[PDB]
Amino acid sequence: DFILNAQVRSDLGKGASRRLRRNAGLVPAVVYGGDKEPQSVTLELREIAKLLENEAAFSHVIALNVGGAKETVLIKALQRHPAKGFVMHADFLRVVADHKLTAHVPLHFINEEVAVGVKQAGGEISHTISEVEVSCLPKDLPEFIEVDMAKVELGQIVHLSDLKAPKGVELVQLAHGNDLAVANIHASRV
Amino acid sequence: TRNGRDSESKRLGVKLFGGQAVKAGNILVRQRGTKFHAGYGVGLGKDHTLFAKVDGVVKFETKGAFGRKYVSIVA
Amino acid sequence: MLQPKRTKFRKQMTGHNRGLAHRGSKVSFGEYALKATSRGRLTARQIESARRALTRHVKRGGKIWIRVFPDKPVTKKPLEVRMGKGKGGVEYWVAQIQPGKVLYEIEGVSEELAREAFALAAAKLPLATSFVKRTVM
RNA sequence: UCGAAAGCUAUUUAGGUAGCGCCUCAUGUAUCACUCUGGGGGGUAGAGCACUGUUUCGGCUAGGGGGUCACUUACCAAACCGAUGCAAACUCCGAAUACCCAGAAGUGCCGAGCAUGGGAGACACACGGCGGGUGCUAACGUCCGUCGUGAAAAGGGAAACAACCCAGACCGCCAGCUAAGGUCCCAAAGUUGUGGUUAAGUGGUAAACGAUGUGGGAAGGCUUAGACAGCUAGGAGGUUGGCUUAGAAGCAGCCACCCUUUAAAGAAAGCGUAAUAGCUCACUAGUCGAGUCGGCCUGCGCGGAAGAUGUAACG
RNA sequence: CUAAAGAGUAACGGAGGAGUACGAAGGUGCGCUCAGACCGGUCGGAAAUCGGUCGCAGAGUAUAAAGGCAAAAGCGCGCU
RNA sequence: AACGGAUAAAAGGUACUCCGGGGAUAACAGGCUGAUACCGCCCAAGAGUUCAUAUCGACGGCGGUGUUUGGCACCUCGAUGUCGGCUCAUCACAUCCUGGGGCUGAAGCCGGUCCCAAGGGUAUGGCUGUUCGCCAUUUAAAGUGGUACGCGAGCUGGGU
RNA sequence: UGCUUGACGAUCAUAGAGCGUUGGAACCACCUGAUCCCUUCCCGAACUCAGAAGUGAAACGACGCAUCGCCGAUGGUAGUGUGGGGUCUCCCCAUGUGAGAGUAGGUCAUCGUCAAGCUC
Ligand SMILES: [Mg+2]
Ligand SMILES: [Mg+2]
Ligand SMILES: [Mg+2]
Ligand SMILES: [Mg+2]
Ligand SMILES: [Mg+2]
Ligand SMILES: [Mg+2]
Ligand SMILES: [Mg+2]
Ligand SMILES: [Mg+2]
Ligand SMILES: [Mg+2]
Ligand SMILES: [Mg+2]
Ligand SMILES: [Mg+2]
Ligand SMILES: [Mg+2]
Ligand SMILES: [Mg+2]
Ligand SMILES: [Mg+2]
Ligand SMILES: [Mg+2]
Ligand SMILES: [Mg+2]
Ligand SMILES: [Mg+2]
Ligand SMILES: [Mg+2]
Ligand SMILES: [Mg+2]
Ligand SMILES: [Mg+2]
Ligand SMILES: [Mg+2]
Ligand SMILES: [Mg+2]
Ligand SMILES: [Mg+2]
Ligand SMILES: [Mg+2]
Ligand SMILES: [Mg+2]
Ligand SMILES: [Mg+2]
Ligand SMILES: [Mg+2]
Ligand SMILES: [Mg+2]
Ligand SMILES: [Mg+2]
Ligand SMILES: [Mg+2]
Ligand SMILES: [Mg+2]
Ligand SMILES: [Mg+2]
Ligand SMILES: [Mg+2]
Ligand SMILES: [Mg+2]
Ligand SMILES: [Mg+2]
Ligand SMILES: [Mg+2]
Ligand SMILES: [Mg+2]
Ligand SMILES: [Mg+2]
Ligand SMILES: [Mg+2]
Ligand SMILES: [Mg+2]
Ligand SMILES: [Mg+2]
Ligand SMILES: [Mg+2]
């Protein structure tokens with residue numbers, strides 16, 4: 001589902017990149033990682049923007065097509081215009097099936113309308129932290145991670161240790177020792 | 001209660017830069033503390049003035065365990 | 001009324017406002033935000049008025065963040081006072097706003113309600129604003 | 001022939017004067033500028049939060065405050081952890097430039113450099129750009145830095161218009177080429193060519209905000225299993241929902257707003273009764289036969305838009 | 001600080017200090033390393049002295065700020 | 001210590017004043033600006049028995065005018081006469097009356113508010129130097145401003 | 001021939017910290033004692049002296065490991081010299097330059113002189 005076409009770019013610098021975004025709407029980008037040297041590419045702004053409406057566009061491996069040379073990459077970083085919000089640059093990490101990658105997987109809070117605090121106690125779900133970062137092999141990279149509130153009462157706090165790594169992913173901040181508060185039910189705002 | 005005072009400018013700073021020929025006695029740096037330290041052939045004054053003890057060319061170097069910037073005179 | 005509640009110095013130089021707000025331009029915390037698209041100053045009175053208009057419309061449920069703090073003191077010369085004879089004395093506090101800065105954030109409400117409450121707040125503010133949803137990267 | 005200054009320092013000084021700076025002349029003497037290459041230091045723009053201050057959330061937890069009066073926490077909160085912002089008198093960082101030094105080519109109008117001496121003038125500056133303080137990031141305001149012009153500079157353009165743009169007038173010519181700016185008439189030169197936009201005389205003064213003005217672009221929803229609009233017809237019970245109420249009975253006031261009936265009718269929007277109410281929005285059936293709906297990015301327009309002698313905001 | 005990363009740079013601009021002190025608080029040789037926290041300990045308690053771990057300059061430097069400070073420029077002692 | 005320190009030794013008044021100067025520098029008027037002032041609009045919590053917008057409208061925001069109090073010090077110090085009154089005006093429109101309308105919490109009579117409209121009209125006295133204001137009594141109404149706060153080579157001289 | 005130990009340097013974290021394993025033949029350290037030299041504002045703790053009974057426990061050295069720390073591109077972005085432009089509190093274009101942050105990643109150093117022991 002994720003296909004991206006790119007062209008090798010050789011004109012670099014401030015003026016060259018501003019001409020890309022101004023005259024013929026294109027996005028500067030770089031591909032690094034793996035065992036190759038960094039590769040400066042260009043992308044269509046409307047093409048990359050359409051791909052990013054997908055919620056899985058950041059936790060799913062993309063198939064970059066650099067002038068007929070298909071290559072599996074991950075969207076590592078994006079630079080957005082601070083005011084307008086359009087994409088100005090994109091960092092593509094070469095995905096290698098042998099080397100572990102680190103990605104930010106979106107969270108999916110389910111059982112929100114059935115939680116103990118929401119109905120029996122009348123609280124608010126209050127998503128605190130989304131987007132857990134995980135270090136996993138490319139095969140174990142999940143599109144999202146459920147929080148499965150279900151049995152959460154008016155005082156419970158959902159921490160990072162209360163989640164379930166799907167197959168073989170490791171929550172990176174959990175390894176360090178930071179039990180991040182994913183969510184918590186608290187009293188309604190009066 | 002109000003303002004309007006200031007002291008005269010002290011004309012501190014580097015007087016001879018890297019690669020400049022120096023005679024003995026030439027003042028190399030005027031400073032408050034030791035922002036620069038005295039390397040080879042360089043003396044230290046009462047007010048931490050760095051001056052030339054030998055003739056040569058100024059060499060600026062950062063080195064040592066403390067990351068001190070040194071002023072030395074080389075041939 | 002937001003104020004730093006103590007400062008190292010009473011009075012500040014006027015300065016300038018030239019950035020593009022590469023920090024504070026992301027929707028942390030909440031899920032919908034009011035983002036400044038133009039450049040200017042937000043006084044404490046304006047921020048409070050926007051806060052009250054925004055909070056009154058999302059009655060009974062929601063969490064709201066104020067990501068703009070007026071830490072810049074602004075002085076004024078009284079009337080019938082000539083130029084000189086000192087700076088003048090702090091009158092109010094402003095926040096410097098560059099295009100892209102996120103001003104308010106909300107969560108626990110629907111997007112339709114968030115747009116309604118942000119329109120109410122944005123009419124109290126002297127800047128061009130826009131509605132933004134939280135984004136992945 | 002050359003050609004300033006309106007600065008610094010001191011001054012019972014501030015519109016005076018003096019030394020230095022800037023001008024000129026003479027003598028002497030050998031440097032200087034531009035650029036390239038190389039060697040330097042820096043703490044500014046930007047950035048950042050490592051310090052000092054200042055922010056906002058969340059987690060965990062002292063300690064404070066409640067119930068005991070020995071146990072547990074209604075309620076505030078140190079620290080720490082994570083996310084998140086600000087700073088002339090913050091900095092873990094950090095340019096471009098500028099400045100200092102060395103070497104080198106060419107060019108200097110024949111010299112730039114320096115020294116000594118003769119003669120000064122000047123020490124009220126102004127505007128424009130850029131960086132700032134101050135003021136209201138008001139003033140043709142005020143105070144610095146820096147560059148340009150005026151001063152002390154005519155010519156051309158900006159209608160007129162020191163300080164803006166082009167350009168620096170030795171003299172003469174009824175020769176030619178250009179600069180800025182222009183080429184329908186006033187008034188020299190295209191009523192030139194090609195492709196679009198505007199309908200507002202916008203052009204030829206202005207904001208928040210408002211609007212089926214109009215051009216372009218990328219998407220989306222419904223749609224010949226009938227889309228949108230129009231027209232016709234239907235739009236039910238327990239039940240007058242527990243309760244409250246002079247009377248709430250579908251809508252005034254708290255809460256509920258569930259269930260069946262059916263192609264469908266939520267315990268009913270607004271005109272609104274003393275309650276039933278009259279009309280009627282969601283919904284459906286038929287008719288209709290091809291597009292339709294409202295969001296985004298964007299070009300050019302519209303409203304917002306009132307002043308005094310006369311059109312009078314294209315000369 | 002303004003002050004625009006050499007120097008300098010104004011305002012009835014924004015903030016603070018000085019008109020001293022010390023024959024040792026100078027010289028030298030020798031030796032040492034603070035603040036704070038936690039734990040244990042008679043009065044003793046948040047905080048006195050003692051021991052241990054952490055701490056690594058967050059202390060100190062006669063005095064305002066800034067820049068410095070391990071060969072400490074901080075602290076002690078002998079001789080001067 | 002007024003810290004480059006005039007002497008060893010030094011305060012004031014002048015509306016009784018005088019000279020040399022300055023629009024280098026104030027008061028008036030003009031100018032620039034528009035903080036303030038006045039006028040308008042945007043959002044709409046709320047008031048209005050219900051009902052935001054009949055009439056209002058908090059917290060905030062955006063303008064216009066030049067119009068008050070101001071800021072500046074550009075013109076004038078080899079002189080640009082001041083407040084008020086009188087006489088005579090002229091213009092603007094943000095309209096007080098009269099004229100034409102929309103909405104109304106407009107039954108009628110009378111009103112409220114807004115749009116259009118500048119043709120004409122738009123008090124007399126008591127007090128006060130007053131402009132103003134308060135009061136009395138009228139009027140269809142007794143408008144708001146600009147004009148060197150219009151007008152002293154036209155008058156006045158109460159104020160200053 | 002190389003290794004080990006010690007002393008002194010170069011360099012000053014890619015070199016450090018933390019954790020773990022290991023070394024006693026020699027070296028070093030802990031160690032024994034204090035009359036002698038010398039020392040404690042008390043104390044052989046440290047300093048000092050005479051030693052070799054004991055031990056590698058502490059420390060030190062070596063080895064391993066990215067937990068922290070430190071290093072860190074490419075690309076983009078910000079700023080910026082010069083020339084020009086706009087809607088001119090701020091930006092844009094041409095040209096030159098170009099961060100900081102962050103990302104990929106890297107790191108459990110490298111070298112020299114001398115002395116002793118051993119190895120070959
Ligand atoms: Mg450029
Ligand atoms: Mg000449
Ligand atoms: Mg004197
Ligand atoms: Mg900055
Ligand atoms: Mg040179
Ligand atoms: Mg003078
Ligand atoms: Mg002068
Ligand atoms: Mg000047
Ligand atoms: Mg001026
Ligand atoms: Mg002037
Ligand atoms: Mg002159
Ligand atoms: Mg001219
Ligand atoms: Mg002309
Ligand atoms: Mg002609
Ligand atoms: Mg034609
Ligand atoms: Mg026009
Ligand atoms: Mg139909
Ligand atoms: Mg318009
Ligand atoms: Mg400087
Ligand atoms: Mg500079
Ligand atoms: Mg104790
Ligand atoms: Mg304690
Ligand atoms: Mg001392
Ligand atoms: Mg003096
Ligand atoms: Mg008298
Ligand atoms: Mg006279
Ligand atoms: Mg004048
Ligand atoms: Mg005046
Ligand atoms: Mg005049
Ligand atoms: Mg005259
Ligand atoms: Mg009218
Ligand atoms: Mg009239
Ligand atoms: Mg007629
Ligand atoms: Mg009267
Ligand atoms: Mg009488
Ligand atoms: Mg008059
Ligand atoms: Mg007259
Ligand atoms: Mg007369
Ligand atoms: Mg011993
Ligand atoms: Mg061991
Ligand atoms: Mg880095
Ligand atoms: Mg970098």
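Below, chain A is the first sequence line, B the second, and so on; all start at residue 1.
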**Message:** So, OP1 or OP2 of E:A66: does either fall under 4.0 Å of a side-chain N or O from B:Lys35?
**Reply:** no
Heteroatom pairs (N/O) under 3.5 angstrom, protein to nucleotides 66-74 of chain G:
residue, atom, partner, partner atom, Å
G:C68, OP1, A:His176, NE2, 3.2

B:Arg5 CZ to E:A65 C1', in whole Å, measures 13 Å
Close N or O pairs between protein and nucleotides 94-104 of chain D (under 3.5 Å):
residue, atom, partner, partner atom, Å
D:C100, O2', B:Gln20, OE1, 2.6

Which part of the nucleic acid does A:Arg21 contact within heavy-atom distance under 4.0 Å: base, sugar-phosphate only, or nothing?
sugar-phosphate
So what does C:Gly40 hit on the nucleic acid, given a heavy-atom distance under 4.0 Å: a base, only sugar-phosphate, or nothing?
-> nothing
Going by torsion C1'-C2'-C3'-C4' being positive (north) or negative (south), D:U284 has its sugar north
Considering only heavy side-chain atoms of C:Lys11, the closest of F:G61, G:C93, E:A15 is E:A15
- request: Check whether the six-membered base rings of F:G157 and F:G158 have centres under 5.5 Å apart and planes under 30 degrees, and report yes or no.
  value: no
Exercise. B:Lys46 near the nucleic acid: base, sugar-phosphate alone, or nothing, with a heavy-atom cut-off under 4.0 Å?
Worked result: nothing
*Below 3.5 Å, does any donor atom in the side chain of B:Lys63 face an acceptor in the base of G:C12, or the other way round?*
no
Between CD of C:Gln96 and P of D:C86 the distance, given in whole Å, is 11 Å
No-H, no-angle donor-acceptor pair, A:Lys14 side chain to G:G79 base, under 3.5 Å: yes
If one requires at least 3 consecutive Watson-Crick or G-U pairs with distances under 3.5 Å, the stems of RNA chain E turn out to be E:26-32 with E:74-80, E:36-40 with E:50-54
#### Entry: Side-chain heavy atoms of C:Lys77 within contact of C:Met83, under 4.5 Å
yes
Checklist entry - Any stacking for adjacent F:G22 and F:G23 under the 5.5 Å centre, 30° plane criterion? => result no
Note to self: Please tell me if C:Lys87 has a side-chain N or O lying less than 4.0 Å from either OP1 or OP2 of D:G135.
What the structure shows: yes
Quick tally for nucleotides 73-84 of chain D: nucleotides whose base has a protein heavy atom under 4.0 Å get B, sugar-phosphate-only ones S, the rest -, giving --------SSBS
Note: contacts of residues 75-82 of chain A with RNA chain G (heavy atom, under 4.0 Å) are A:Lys76, A:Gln79
When the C1' atoms of G:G76 and G:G100 are compared, how many Å lie between them, rounded to an integer?
13 Å
Between NE2 of A:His104 and P of G:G102 the distance, given in whole Å, is 14 Å
Separation of G:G85 atom P from A:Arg18 atom CZ, nearest Å, is 19 Å
Intra- and inter-strand pairing of RNA chain G, written as dot-bracket with Watson-Crick and G-U pairs under 3.5 Å and | for the latter, reads .((((((((......((((((((....(.((((....(.....)....)))..).)...)))))).))(((.......((((((((...)))))))).......)))...))))))))..
The residue among C:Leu127, C:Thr129, C:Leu125 that forms side chain to side chain contact (heavy atoms under 4.5 Å, CB included) with C:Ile97 is C:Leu127
Judged by the sign of the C1'-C2'-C3'-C4' torsion, with positive meaning north and negative meaning south, the sugar of D:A47 is north
Between A:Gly15 and B:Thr62, whichever has its closest RNA chain G nucleotide further toward 5' is B:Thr62
Closest of F:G71, D:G58, D:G59 to the A:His159 side chain is D:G59
The residue, C:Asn17 or C:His22, whose nearest nucleotide of RNA chain G is more 5′ is C:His22
Check: So A:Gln7 and A:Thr42, side-chain hydrogen bond (donor to acceptor under 3.5 Å, both in side chains) or not? Walk me through it.
Finding: CA-CA 5 Å; A:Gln7 309 276 336; A:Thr42 209; over 6 Å; no
(request) Classify the angle between the aromatic ring planes of B:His37 and B:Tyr70 as parallel (below 30°), tilted (30 to 60°) or perpendicular (above 60°). (result) tilted
note: A:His99, atom NE2; G:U103, atom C1'; distance rounded to Å ~ 13 Å
| task | Answer with yes or no whether C:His16 presents, from its side chain, a donor or acceptor under 3.5 Å of a partner atom in the base of D:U137. | result | yes
Rounded to whole Å, CZ of C:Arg6 lies from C1' of D:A87 at a distance of 13 Å
